[PDB]
Amino acid sequence: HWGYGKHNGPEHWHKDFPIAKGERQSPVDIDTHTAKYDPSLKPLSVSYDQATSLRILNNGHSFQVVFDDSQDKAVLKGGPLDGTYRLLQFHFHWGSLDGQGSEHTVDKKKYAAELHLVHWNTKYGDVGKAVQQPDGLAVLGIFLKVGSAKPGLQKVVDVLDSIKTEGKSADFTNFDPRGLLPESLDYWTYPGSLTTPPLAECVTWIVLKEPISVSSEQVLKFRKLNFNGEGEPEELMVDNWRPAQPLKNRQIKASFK
Ligand SMILES: [N]S(=O)(=O)[C][C][C][C+2]1234B567B89%10B%11%12%13B85%14B%1158B%12%11%15B%139%12B%1061B%12%112[C+]5%153B%14874
Ligand SMILES: [Zn+2]
C-alpha cells in the first residue's frame, strides 16, 4: 500500500508501521554547528575491491543494484562500527527538481539526490535477522548535487530504460561501486532507522560530508522511471524521499574538525 503520494506517503506510514513515530527515526537534519567532533571515531574502512553486483531492479520505491552478500566481498568496517557489515544493495532517493530529493539535510539544505549503500552486520547472519537488532545495519549515505557528470554512475543510468516500471529487473554484473564515492570519507554518524517501511530502528547511519556531482542528464534519467507497473497509469518516479524526522534524544557525531 505505501508510497510517496498524498494518500499513501510518509505522513501515512505510521498507521501500518507505528515505529514511524519512534525515538530513533531517520532521516534527520544534520545541524553542522551542533554535531560534535569525536576524536575517538575511526576512519571508515570501505573494502569494495571484490564486490560482485548481480541485478538492477525497479521495485516501485527506488531502483537498486544488488550484490552477492553470501561472503565478505564488499564490506564496511571501522568508523563508528564494531564488526563487519556486508554490502547488500545500493539505491537512490531523488526529487522532481534539483532543490529536493535528499533524505538527510545539512543545515536544512536539501540535495538533488541521496545514495544509500546498505550493509548488514555479519554477526546476525542474514539481513532479516539484522533488521531486528539495534546495530543490525549500517547505511552509507552520499549526497548528490547537479553539476559535472559522475563517470562511475553512467553504467547505471544507461540501463534504467530497461527497468522503467515496477517489477522489472536486468542483469547488472561487474559494476564497481567504488566509482560512486567522493574523495573524502569525512562523515557524520548517528543511530537511526530505515527510511522506508518497515522503518525498523536498526541502522547506524554514516553520512559523508562531501557530495558527489552528477550531471543534469544523469538525474533526468532517474526521473523517467515510473512508480507504476506496466499497463497502469504512468506516475513519474520522483520525490521518493522521506522528510527529516525529530532528532529527539540523539547526538550526531562528526569524524572531522
Ligand atoms: N532507505 S533505506 O533506509 O536504506 C531502506 C532501504 C530498503 C531496505 B530495508 B532493509 B531490507 B528492508 B529491505 B532490504 B534492507 B533495507 B534494504 C530493503 B528494505
Ligand atoms: Zn534509502
Side-chain angles (χ1 to χ4, degrees), residues 1-31 34-35 57-64 80-81 85 88-96 99-121 124 126-144 166 188-207 222 225 227-228 235-253:
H1 190 71
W2 70 268
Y4 293 92
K6 176 68 153 176
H7 303 279
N8 68 358
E11 304 310 309
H12 292 271
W13 295 349
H14 73 97
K15 292 177 277 170
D16 276 338
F17 305 96
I19 203 173
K21 295 185 185 297
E23 299 308 305
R24 57 172 281 183
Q25 291 289 292
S26 295
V28 297
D29 181 59
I30 300 167
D31 189 84
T34 302
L57 165 66
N58 178 333
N59 72 344
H61 60 253
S62 184
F63 70 88
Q64 65 183 79
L81 306 172
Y85 290 69
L88 167 62
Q89 56 106 302
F90 69 77
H91 62 275
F92 299 82
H93 304 267
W94 63 89
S96 46
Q100 58 190 35
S102 68
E103 294 204 312
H104 295 89
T105 55
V106 179
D107 297 336
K108 300 298 176 79
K109 178 185 171 71
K110 295 173 165 80
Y111 288 89
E114 189 172 328
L115 164 59
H116 289 162
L117 296 118
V118 181
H119 314 74
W120 56 270
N121 192 329
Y124 303 122
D126 69 66
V127 68
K129 286 288 189 289
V131 296
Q132 301 176 244
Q133 301 291 346
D135 60 348
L137 275 61
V139 184
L140 180 60
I142 302 176
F143 297 118
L144 280 61
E166 179 176 1
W188 298 284
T189 184
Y190 73 98
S193 75
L194 308 172
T195 71
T196 64
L199 303 169
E201 288 180 338
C202 60
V203 181
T204 303
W205 276 96
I206 301 165
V207 178
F222 288 12
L225 292 165
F227 284 128
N228 55 284
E235 301 301 347
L236 293 180
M237 180 180 284
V238 292
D239 296 317
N240 59 345
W241 50 277
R242 188 189 195 190
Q245 300 301 305
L247 191 59
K248 298 189 169 173
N249 187 38
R250 294 177 288 174
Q251 325 173 245
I252 307 182
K253 295 173 189 168

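Quick note: residue numbers are just sequence positions, from 1. Atom set for the values below is all heavy atoms of this structure, side chains included, hydrogens, waters and symmetry mates excluded.
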Seminar exercise, completed: What one should report as the nearest heavy-atom pair of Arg24 and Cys202 is NH2-C, 3.9 Å

For this session: Decide yes or no for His119 and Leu81: does some side-chain heavy atom of the first lie under 4.5 Å from some side-chain heavy atom of the second?
Result: no

Problem set entry | Pairing residues for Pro197 by the side chain to side chain contact (heavy atoms under 4.5 Å, CB included) criterion, not counting sequence neighbours | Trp2, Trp13, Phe17, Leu199

For this session: Please report the closest heavy-atom contact between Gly192 and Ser26, naming both atoms and the distance.
Result: CA-OG, 3.3 Å

Exercise. Where is the tightest heavy-atom contact between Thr196 and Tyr4, given as atom of each residue plus distance?
Worked result: CG2-OH, 3.6 Å

Seminar exercise, completed: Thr204 and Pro80 have their tightest heavy-atom pair at CG2-CG, 3.9 Å

Problem set entry | side chain to side chain contact (heavy atoms under 4.5 Å, CB included) involving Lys6 - partner list, sequence neighbours excluded | none

Exercise. If only atom types and distance count, is the side chain of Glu114 paired as donor or acceptor with the main-chain N or O of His104 below 3.5 Å?
Worked result: yes

Problem set entry | Set of residues satisfying side chain to side chain donor-acceptor pair (under 3.5 Å) with respect to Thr105, sequence neighbours excluded | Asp29

Exercise. Is a donor on one side and an acceptor on the other found under 3.5 Å between the side chain of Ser102 and the backbone of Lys110?
Worked result: no

Problem set entry | side chain to side chain contact (heavy atoms under 4.5 Å, CB included) involving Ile252 - partner list, sequence neighbours excluded | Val28, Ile30, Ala35, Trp188, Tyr190, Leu247

For this session: Name all residues meeting the side chain to side chain donor-acceptor pair (under 3.5 Å) criterion together with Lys15; count only those two or more places apart in sequence or in a different chain, and write none if there are none.
Result: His12

Exercise. Is any side-chain heavy atom of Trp94 closer than 4.5 Å to a side-chain heavy atom of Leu225?
Worked result: yes

Exercise. Of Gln245, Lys248, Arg242, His14, which meets side chain to side chain donor-acceptor pair (under 3.5 Å) against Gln25?
Worked result: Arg242

For this session: List for me each residue that meets side chain to side chain donor-acceptor pair (under 3.5 Å) alongside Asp31, sequence neighbours excluded, and say none if there are none.
Result: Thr34

Problem set entry | Where at least one partner belongs to residues 193-202, residue pairs that pass salt bridge (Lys or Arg N to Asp or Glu O under 4.0 Å), sequence neighbours excluded | none

Problem set entry | Exam field: side chain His93 to backbone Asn240, donor-acceptor pair closer than 3.5 Å | yes

For this session: Using the test salt bridge (charged side-chain N to carboxylate O under 4.0 Å, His left out), find all partners of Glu11 that sit at least two apart in sequence or belong to another chain.
Result: none

Exercise. In terms of heavy-atom contacts, does CG of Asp107 have more than 12 from other residues, nucleotides or ligands at under 6.0 Å?
Worked result: yes

Distance-only donor-acceptor pairs under 3.5 Å for side chains of residues 132-144, two or more places apart:
| residue | atom | partner | partner atom | Å |
| --- | --- | --- | --- | --- |
| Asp135 | OD1 | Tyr124 | OH | 2.6 |

For this session: Looking only at non-hydrogen atoms, find the nearest pair between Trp120 and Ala130 and report the distance.
Result: CB-CB, 4.0 Å

Exercise. Quick one: side chain to side chain contact (heavy atoms under 4.5 Å, CB included) partners of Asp239, sequence neighbours excluded?
Worked result: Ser96, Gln100, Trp241

For this session: Taking side chain to side chain donor-acceptor pair (under 3.5 Å) as the test, write out the residues that go with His61, two or more places apart.
Result: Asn59

